[PDB]
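Written below as structure tokens is the structure these notes are about.
Virtual Cβ from ideal backbone geometry, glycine too; neighbours counted across all protein chains shown. No value in this document is a laboratory result; all are computed from the given coordinates.
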Amino acid sequence: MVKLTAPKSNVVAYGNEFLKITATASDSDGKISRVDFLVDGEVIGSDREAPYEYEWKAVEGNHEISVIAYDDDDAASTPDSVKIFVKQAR
């Protein structure tokens, strides 16, 4: 399983500034190999070690941020996601 811990849906963010995405992940059968971080369904990057975190260069407008945990068989969890709105670059 995976849980998105940040950001919240009301996060204040601006274009071209970095937004931190954070997630927990765990698995009672075997081991989490990585957590992928997604924006609008596109993988922006991965983290292989807890605490799982990524920074995204924010782009203005509506976006959905998600996380997917992958096990040792490289099998995917159901995603956790949040919808945000990124303001125009200052």
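If only one of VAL43, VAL35, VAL11 is among the aliphatic types (A, V, I, L, M), part of a loop (DSSP other than H, G, I, E, B) and surrounded by 11 or more Cβ atoms within 10 Å (Cβ to Cβ), which one is it? Within the list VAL43, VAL35, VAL11, the selection yields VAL11.
With respect to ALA50, is the statement that it is under 15 Å from the mean Cα position of the chain (by Cα), among the hydrophobic types (A, V, I, L, M, F, W, C) and assigned to a strand (DSSP E or B) true?
Details: under 15 Å from the mean Cα position of the chain (by Cα): yes; among the hydrophobic types (A, V, I, L, M, F, W, C): yes; assigned to a strand (DSSP E or B): no.
Here the answer is no, as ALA50 does not meet what is asked.
Quickly run through the stretch 53-72 and pick out the residues that are assigned to a loop (DSSP other than H, G, I, E, B) and either free of Cβ contacts under 8 Å to residues at least 40 places away in the same chain or buried (at least 17 other Cβ atoms within 10 Å of the Cβ) (or both). Within the stretch 53-72, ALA58 is the sole residue that qualifies.
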